[PDB]
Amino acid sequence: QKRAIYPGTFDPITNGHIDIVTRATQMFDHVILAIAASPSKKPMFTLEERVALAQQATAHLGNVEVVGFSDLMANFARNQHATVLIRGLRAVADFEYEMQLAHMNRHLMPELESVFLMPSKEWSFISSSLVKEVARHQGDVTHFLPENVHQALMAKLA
């Protein structure tokens, strides 16, 4: 059984994140969608809310397990018995910072292989930050989020 971890802040999980985790499940036997607490980023949704949103958004994917964590990512991956670390790559700006993280994760856990997947063109220009910015100004974001997440974002900003 090959175990992969897909870590991130997921504040909130978007269709771009769903695209990446779906590609991951077609490649690996078990995928852990791992939500980092990320207090330095001052998230809109609590960790508990982010976990609940992601569980509902991924319930159709049989081999996805949603787990929250506050640990060092590499220690959490070792403790999940993961040997693959999934990250999505949209453009050049992502690439540079992704290299730094991956080289640091390799120093902390050499057997954890970072693998980058590319989202559909449909989600190549979106991010959680961009969707929240549009939604704060009452712009329509239904196209970019799972139905349960869209409802939760509308309710959070109401």
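Residue indices: 1-based, along the sequence shown. What we label the rigid core is the largest C-alpha set whose atoms superpose within 1.5 Å from one form to the other.
- Choosing between 102 to 110 and 89 to 97, the greater Cα displacement from the shown form in 9 other deposited structures of this protein, fitted by the core, goes with 89 to 97.
- Comparing 31 to 39 with 50 to 58 in 9 other deposited structures of this protein, after superposition on the rigid core, the stretch with the greater RMS C-alpha deviation is 31 to 39.
- Comparing 130 to 138 with 146 to 154, the higher mean C-alpha B-factor in the PDB entry belongs to 146 to 154.
- Taking the mean C-alpha B-factor of each stretch as recorded, 112 to 120 and 59 to 67 are not equal, and the higher mean is that of 59 to 67.
- Within the group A54, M104, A34, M44, the record's highest C-alpha temperature factor is found at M44.
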